[PDB]
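Along the sequence shown, the residues carry numbers beginning at 1. All heavy atoms count here, side chains included; hydrogens, waters and symmetry mates do not.
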Amino acid sequence: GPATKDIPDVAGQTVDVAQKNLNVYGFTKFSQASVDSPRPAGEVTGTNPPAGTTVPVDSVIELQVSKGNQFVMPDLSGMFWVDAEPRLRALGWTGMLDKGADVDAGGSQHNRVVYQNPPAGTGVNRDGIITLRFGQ
């Protein structure tokens, strides 16, 4: 019957490209799930089962597909809010600021971003909430 093969990694590939490459491996049936991701919309973020999993070539592979609805969280350390806000907006952030309590980071950090959530490098939904805490 059908062979069993390792699912190849197709992360970053468009659904069109991913399916074509998977077809060449002998995989024939697919399903698709939309996921939150900063990757360009239509790009595959991964599969279910994951890459490396040995499965029948005639078993369903679910393609996790990026909505392209996230931006990558910048490092806002040391910025005043007057500059950090439009910087975030320029990334497509339509969300809202939740300002936490001031922290003791020294006089040089007065009214400057000290702590942030989510951390830099994290994928953030466009309407996501950003938590910032400024120096006292």
Can you tell me how far apart NZ (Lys67) and OG1 (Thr45) are? Round to the nearest 0.5 Å.
11.5 Å

Any donor-acceptor pair under 3.5 Å linking the side-chain atoms of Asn125 with those of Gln70?
yes

For the residue pair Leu88 and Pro74, establish whether any side-chain heavy-atom pair is separated by less than 4.5 Å.
yes

Taking all atoms of both residues into account, what is the closest heavy-atom pair of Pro86 and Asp83, and its distance?
CD-O, 3.2 Å

Under 4.5 Å between side-chain heavy atoms, counting indirect links through other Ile/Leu/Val/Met/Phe/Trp/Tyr residues: same cluster for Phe80 and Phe134 or not?
no

Is the closest side-chain heavy-atom distance between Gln19 and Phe30 below 4.5 Å?
yes

Interatomic distance, CG@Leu132 vs CD@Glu85, rounded to 0.5 Å, equals 10.0 Å

Atom of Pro49, atom of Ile7 and distance for their closest heavy-atom approach:
O-CD1, 3.6 Å

The residue among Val10, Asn48, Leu22 that forms side-chain contact (heavy atoms from CB on, under 4.5 Å) with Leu63 is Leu22

To the nearest 0.5 Å, atom CD1 of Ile61 lies from atom CZ of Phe27 at 4.5 Å

Under 4.5 Å between any side-chain heavy atoms of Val114 and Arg133, yes or no?
no

Acceptor/donor pairs from residues 93-110 side chains to any protein atom, 3.5 angstrom cut, sequence neighbours excluded:
from: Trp93; atom 1: NE1; to: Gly128; atom 2: O; distance (Å): 2.8
from: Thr94; atom 1: OG1; to: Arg126; atom 2: O; distance (Å): 3.3
from: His110; atom 1: ND1; to: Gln136; atom 2: O; distance (Å): 3.1

Given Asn69, which of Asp127, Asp36, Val35 fulfils the side-chain contact (heavy atoms from CB on, under 4.5 Å) condition?
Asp36

Which pair of non-hydrogen atoms, one from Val72 and one from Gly121, has the smallest distance, and what is that distance?
CG1-CA, 3.8 Å

Any side-chain hydrogen bond (donor to acceptor under 3.5 Å, both in side chains) involving residues 111-121? Give me the pairs, sequence neighbours left out, ordered by first then second residue.
none

Indicate yes or no for a side-chain donor-acceptor contact from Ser66 to the backbone of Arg39 under 3.5 Å, with no hydrogens or angles considered.
yes

May I have the step-by-step check of side chain to side chain contact (heavy atoms under 4.5 Å, CB included) for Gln32 and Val15, ending in yes or no?
CA-CA 9 Å; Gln32 299 174 29; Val15 163; 3.7 Å; yes

Are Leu76 and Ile129 connected into the same hydrophobic cluster when the rule is that any two of I, L, V, M, F, W, Y join if their side-chain heavy atoms are below 4.5 Å apart?
no

Less than 4.0 Å between a side-chain N and a carboxylate O, is that true for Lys20 and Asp16?
yes

Any pair counted as side-chain hydrogen bond (donor to acceptor under 3.5 Å, both in side chains), so long as it reaches residues 1-15, sequence neighbours left out:
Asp6-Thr54, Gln13-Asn21

Say whether, by atom type as modelled, one donor and one acceptor occur between the side chain of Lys29 and the main chain of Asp58 under 3.5 angstrom.
yes

Indicate yes or no: at least one non-hydrogen side-chain atom of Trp81 is less than 4.5 angstrom from one of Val113.
no

